[PDB]
Amino acid sequence: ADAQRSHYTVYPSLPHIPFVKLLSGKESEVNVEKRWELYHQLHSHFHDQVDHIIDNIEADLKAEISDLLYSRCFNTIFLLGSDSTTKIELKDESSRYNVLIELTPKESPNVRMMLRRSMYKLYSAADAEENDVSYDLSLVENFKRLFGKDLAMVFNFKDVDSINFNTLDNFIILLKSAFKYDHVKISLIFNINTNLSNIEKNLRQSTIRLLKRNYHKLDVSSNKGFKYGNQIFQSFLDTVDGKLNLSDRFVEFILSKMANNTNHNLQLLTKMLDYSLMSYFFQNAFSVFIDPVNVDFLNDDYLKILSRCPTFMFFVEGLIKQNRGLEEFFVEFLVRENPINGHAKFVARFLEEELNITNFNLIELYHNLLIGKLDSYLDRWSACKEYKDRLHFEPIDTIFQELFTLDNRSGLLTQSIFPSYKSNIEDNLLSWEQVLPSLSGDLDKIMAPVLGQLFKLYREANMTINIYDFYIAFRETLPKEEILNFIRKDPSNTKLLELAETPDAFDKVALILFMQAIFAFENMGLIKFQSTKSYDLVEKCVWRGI
Amino acid sequence: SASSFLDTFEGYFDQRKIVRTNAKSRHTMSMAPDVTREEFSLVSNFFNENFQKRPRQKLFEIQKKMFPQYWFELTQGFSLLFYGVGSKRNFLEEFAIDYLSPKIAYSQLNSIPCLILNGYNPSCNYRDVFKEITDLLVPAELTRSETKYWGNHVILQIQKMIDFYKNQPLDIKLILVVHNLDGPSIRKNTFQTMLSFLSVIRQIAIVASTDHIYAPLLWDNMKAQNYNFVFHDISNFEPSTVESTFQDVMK
Amino acid sequence: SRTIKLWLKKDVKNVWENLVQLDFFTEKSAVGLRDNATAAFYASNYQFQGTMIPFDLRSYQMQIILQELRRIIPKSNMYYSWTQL
DNA sequence: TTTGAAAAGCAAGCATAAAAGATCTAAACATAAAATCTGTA
DNA sequence: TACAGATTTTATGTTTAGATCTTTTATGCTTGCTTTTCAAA
């Protein structure tokens with residue numbers, strides 16, 4: 001059986017886009033096709049820019065590392081906030097050989113393995129450029145005799161906050177012995193993810209005094225100075241400029257989620273931007289009108305949906321206070337620029353170039369421009385006081401702009417990318433009628449699913465539960481006569497009828513249904529058995545809403 | 001419980017009170033009825049195949065209308081992680097075999113092969129899983145320089161696969177259906193590192209399921225970035241007949 | 001109260017490491033040097049719990065007790081009165 | 001405003017779970033000389 | 001047939017992942033005793 005194997009491969013027998021028909025299934029398939037094609041143009045125009053930005057990130061990181069690296073002690077570099085995913089390349093300079101030795105905490109169980117791996121890497125690189133050796137530090141001693149060149153080792157310690165600091169301290173003290181060989185120079189790179197002070201107290205004071213003789217700090221987080229996330233957000237602004245607009249709720253959600261992630265919030269930002277674009281091009285039937293070629297394909301369904309617009313609602317209510325024409329109005333009034341993105345780019349390049357204000361985030365600037373508080377964002381620097389009237393902007397609440405918007409009100413972004421996983425499990429357990437429809441019809445209405453009843457009795461019990469008392473409490477809610485009527489409603493199965501004929505049938509059925517749910521609860525992680533060979537009491541591990 | 005709160009940290013602190021020794025009951029299973037294995041199995045399958053089968057079938061017909069959205073999420077590089085109350089075994093097989101592999105195979109013109117891991121099995125082993133992955137995908141063998149010094153050959157091979165498949169066209173070649181990504185042998189760190197690094201590759205589709213309430217504790221920022229999950233609650237109150245036989249039930 | 005510079009806790013760490021290196025304190029229940037190379041190799045592939053906690057919580061034991069300290073510290077020393085309890 | 005009394009907290013004792021690690025083995029990873037296969041000349 | 005070269009067999013060394021068992025220390029239940037705030041007079 002395939003259900004009992006560890007793994008198996010299936011080559012299933014077979015006998016064109018994932019977009020479905022909107023407009024209650026009265027949309028045409030050609031509009032589905034151009035929805036797909038418009039989504040792909042927007043996605044490609046975003047991700048080409050994102051790829052260029054990422055390549056620029058690694059390029060300037062390599063340049064800054066090499067500048068700090070080449071311009072009787074170690075040359076120590078602390079890369080603060082580093083995920084250790086940077087490819088360090090050394091120069092090719094004659095009469096000296098430069099080796100990069102990368103060491104991970106998995107590759108560092110003790111000092112002996114650290115030295116053996118480093119010396120194998122040293123000998124492998126030096127043999128690969130231009131007789132066996134012992135993989136210890138004497139190869140560093142005899143390097144000029146065996147290869148005719150001076151030696152520059154750069155040690156890149158990947159993920160320093162995971163390494164054993166006693167082993168690392170002993171390895172650095174061991175590497176100190178190479179200082180007397182006159183042809184060797186050693187650089188150390190520590191990829192720190194917490195703080196320098198944490199790795200200060202985990203090392204010996206003499207090791208700190210050794211490292212202090214020549215050291216530099218280089219801070220490269222994912223949003224060091226916000227400069228790289230601003231580029232990604234601006235490329236997303238340019239790919240939807242004049243085409244889609246951002247609500248303040250969506251930008252607020254973006255800022256809230258980037259505040260909750262430290263090292264990898266650039267990819268998280270790209271992830272929610274692409275998921276919002278996916279949700280729009282999967283949801284909105286009006287996205288074909290993103291392209292101004294498709295405006296002649298209007299229908300009565302389109303005009304019926306677009307009439308329920310609150311901005312158009314207020315516009316026609318103001319008109320009455322003060323179809324063909326509606327069609328011409330809808331054609332004419334979607335042309336304009338919506339200049340919030342151009343003004344945001346102008347304010348960004350004015351603050352970055354002229355005033356030399358560089359520690360700003362474009363996302364909160366765009367949020368304040370969306371809510372009309374750009375002065376209330378700008379007055380935190382006390383340098384653009386003379387230009388507050390210069391950079392003043394107020395948004396124009398254009399009509400049917402919510403038919404082309406990226407907005408977070410349904411919680412689809414919350415449910416898909418950052419769900420309340422444990423709370424959703426507990427809510428589905430406690431309130432199962434929001435899961436199972438309300439359509440053996442007598443039993444399905446009078447008795448709950450066993451997992452939900454077990455969770456209802458679980459929630460209102462103590463920290464320690466006696467499972468016999470728990471099983472009696474579960475048994476008192478079940479109906480006896482309806483269960484016995486349901487178990488006898490299968491006349492083909494005679495063992496069921498024979499067990500239903502016994503006077504202790506309901507206790508056995510209740511115990512079977514109780515034990516299946518108890519093992520389900522144990523597998524899910526809700527309950528914990530106390531002892532291995534007692535199995536008489538349980539502890540609750542899980543409380544709802546915490 | 002003789003308590004004032006049930007939910008939140010208030011309920012956590014209020015329900016963990018020091019119960020006295022005299023208040024504790026002494027009831028055991030000795031006053032419980034004795035059942036055999038066969039009547040347990042008989043009542044089990046009868047209740048699984050007749051209690052609320054019609055609402056479960058209606059709800060399963062409701063969740064099948066989300067299959068094009070799942071396919072659309074898989075074409076953009078997201079990995080599907082399905083969670084909920086009840087078994088998701090039949091759902092994952094039916095979506096990944098009856099729907100996803102023929103749609104992907106027709107969309108890029110045999111069907112796409114589907115490798116199914118059973119993480120509810122304690123004997124699910126990452127080396128044999130990578131052996132079948134190597135058999136299906138035929139990657140280039142590591143050179144002597146790439147083997148490092150007693151390095152893990154599986155992880156180094158997958159890193160070679162990652163910087164090989166970055167240049168290939170974005171065509172899905174393998175579907176990886178992981179049942180119970182939180183099961184006893186798959187939840188270990190080496191297996192999770194292996195599967196997140198396989199989730200990096202655009203040309204592999206990842207469909208996974210979890211059962212534990214604490215399953216997002218398995219993934220840090222590196223693993224959540226590499227996995228790139230879209231989460232979907234598909235709670236159905238399915239009985240989990242297949243996964244229950246890998247534990248000793250009657251004890 | 002009856003003037004010595006009171007050294008801060010960040011400076012006493014160097015003194016503490018010097019005292020550990022000079023075999024005045026030993027880590028609690030530490031085996032030390034193994035009898036043979038096989039046990040030493042087995043110990044070199046295991047990470048001890050003392051080396052993964054911060055240094056200010058590591059448990060130590062004395063190689064010289066307070067009574068010995070009272071025996072060999074001179075009477076003219078101004079910390080002599082605290083070797084008594 | 002009191003009452004008092006049942007819940008909460010303290011503490012000695014003791015069985016028991018569990019942390020730490022000593023000792024060891026399987027398995028992945030790695031090398032190598034002699035024998036044996038293998039495709040040609 | 002002979003033979004150079006490639007692969008297999010036999011044989012051993014290196015390193016990591018994990019199991020088992022012991023010893024010492026945390027911890028959870030028992031039981032008796034003291035303090036304390038909360039639902040009625």
Side-chain angles (χ1 to χ4, degrees), chain A residues 101-123 133-141 155-178 186 188 190-191 198-208 210-211, chain B residues 127 147-155 188-190 193, chain C residues 13-65:
Chain A
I101 302 145
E102 319 222 272
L103 285 176
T104 76
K106 177 71 86 175
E107 284 181 341
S108 314
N110 45 68
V111 191
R112 183 195 172 257
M113 288 329 281
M114 272 193 104
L115 182 65
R116 282 187 72 80
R117 281 185 170 98
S118 305
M119 286 315 70
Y120 176 72
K121 178 62 172 176
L122 174 71
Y123 201 64
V133 288
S134 170
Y135 290 135
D136 62 83
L137 214 60
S138 53
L139 161 69
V140 168
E141 167 169 52
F155 286 83
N156 188 26
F157 300 99
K158 284 187 164 20
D159 297 89
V160 176
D161 309 57
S162 307
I163 208 173
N164 207 277
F165 279 100
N166 190 49
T167 304
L168 175 72
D169 208 309
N170 289 328
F171 183 63
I172 290 159
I173 289 165
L174 181 144
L175 278 182
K176 213 221 295 183
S177 300
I186 304 180
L188 314 173
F190 296 97
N191 297 269
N198 283 83
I199 81 107
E200 201 148 52
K201 323 159 48 42
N202 301 346
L203 293 177
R204 263 121 83 191
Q205 198 55 233
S206 57
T207 299
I208 298 155
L210 170 74
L211 289 184
Chain B
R127 305 209 164 251
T147 51
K148 316 278 271 313
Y149 197 92
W150 273 261
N152 198 305
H153 284 230
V154 175
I155 306 301
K188 301 303 181 63
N189 184 75
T190 302
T193 314
Chain C
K13 172 174 183 276
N14 192 69
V15 170
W16 189 265
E17 282 151 357
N18 291 342
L19 282 170
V20 167
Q21 174 78 300
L22 277 193
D23 192 23
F24 284 107
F25 314 142
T26 60
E27 206 275 309
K28 167 182 191 36
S29 298
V31 171
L33 200 68
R34 302 302 163 140
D35 301 333
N36 43 354
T38 292
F41 172 77
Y42 290 163
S44 83
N45 289 120
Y46 168 80
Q47 308 276 15
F48 286 82
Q49 285 291 144
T51 89
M52 302 172 71
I53 63 166
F55 89 104
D56 55 349
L57 307 178
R58 286 187 214 140
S59 280
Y60 288 99
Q61 279 163 328
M62 313 274 326
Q63 291 268 58
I64 168 176
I65 56 169

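Values reported hereafter were calculated over all heavy atoms of this structure, with side chains retained and with hydrogens, waters and symmetry mates removed. Convention: sequence-line order gives letters A, B, ...; per-chain numbering from 1.
- A/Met114 has its side chain within reach of A/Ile163: a pair of non-hydrogen atoms, C-beta onward, lies under 4.5 Å apart.
- Summarising the geometry, atom OG1 belonging to B/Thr147 is positioned 12.0 Å from atom CG belonging to B/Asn152; distances are rounded to the nearest 0.5 Å.
- Residue pairs satisfying the side-chain hydrogen bond (donor to acceptor under 3.5 Å, both in side chains) criterion with at least one member in residues 156-165 of chain A, sequence neighbours excluded, are listed as follows: A/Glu102-A/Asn156, A/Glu102-A/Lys158, A/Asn156-A/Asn191, A/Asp161-A/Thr194, A/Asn164-C/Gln47, A/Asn164-C/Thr51.
- Two residues are said to be in side-chain contact when any heavy atoms from C-beta on lie closer than 4.5 Å; A/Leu168 and A/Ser108 fail this criterion.
- Applying the ring-ring contact (aromatic ring centres under 6.0 Å, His included) criterion to A/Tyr123, with sequence neighbours excluded, gives A/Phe147.
- Taken from OG1 in A/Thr207 to CG in A/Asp169, the straight-line distance is 3.5 Å, to the nearest 0.5 Å.
- Within a 6.0 Å radius of CE in C/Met62, other residues, nucleotides and ligands contribute more than 12 heavy atoms.
- Looking at every heavy atom in both residues, A/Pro109 comes nearest to A/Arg117 through CD-NH1, 4.1 Å.
- Side chains of C/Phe48 and A/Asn166 form no contact here, defined as non-hydrogen atoms less than 4.5 Å apart.
- Distance alone, capped at 3.5 Å, is enough to place a donor-acceptor pair between the C/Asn18 side chain and the C/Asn14 backbone.
- One finds the CD atom of A/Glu107 at 14.0 Å from the CZ atom of A/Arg116 (value rounded to the nearest 0.5 Å).
- Taking the side chain as every heavy atom from C-beta outward, A/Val140 and A/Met119 approach each other to under 4.5 Å.
- Taking A/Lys121 as the reference, nothing meets the salt bridge (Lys or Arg N to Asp or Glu O under 4.0 Å) condition, with sequence neighbours excluded.
- Residues B/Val154 and B/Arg127 share a closest heavy-atom pair of CG2-NH1, 3.9 Å.
- Rounded to the nearest 0.5 angstrom, A/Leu203 CG and A/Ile208 CD1 are separated by 6.0 Å.
- Nearest approach of A/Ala178 to A/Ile186, heavy atoms of both residues: CB-CD1, 3.9 Å.
- Partners of A/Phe157 by ring-ring contact (aromatic ring centres under 6.0 Å, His included), not counting sequence neighbours, listed by chain and number: A/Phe190.
- Between atom CG of residue A/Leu210 and atom CD1 of residue A/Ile173 there is a gap of 8.0 Å, rounded to the nearest 0.5 Å.
- No hydrogens or angles considered: nothing links the side chains of A/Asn170 and A/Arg112 as a donor-acceptor pair under 3.5 Å.
- Atom OH of A/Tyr135 and atom CG of A/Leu115 lie 12.0 Å apart (nearest 0.5 Å).
- The two residues A/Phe171 and A/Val111 come nearest to each other via the heavy atoms CA-CG1, 3.9 Å.
- Between the side chain of A/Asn110 and the backbone N or O of C/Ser44 there is at least one donor-acceptor pair closer than 3.5 Å.
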When the side chains of residues 20-43 of chain C are checked against the rest of the protein, which donor-acceptor pairs come out under 3.5 Å, sequence neighbours left out?
residue : atom : partner : partner atom : Å
C/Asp23 : OD1  : C/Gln63 : NE2          : 2.7
C/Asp23 : OD2  : C/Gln63 : NE2          : 3.3

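- Residues satisfying the ring-ring contact (aromatic ring centres under 6.0 Å, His included) test with B/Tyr149, not counting sequence neighbours, are A/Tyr120.
- Counting heavy-atom neighbours within 6.0 Å of C/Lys13 NZ, excluding the residue itself, gives a total above 12.
- Nearest heavy-atom pair, A/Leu188 versus A/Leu211, reported as atom, atom and distance to 0.1 Å: CD1-CD2, 4.0 Å.
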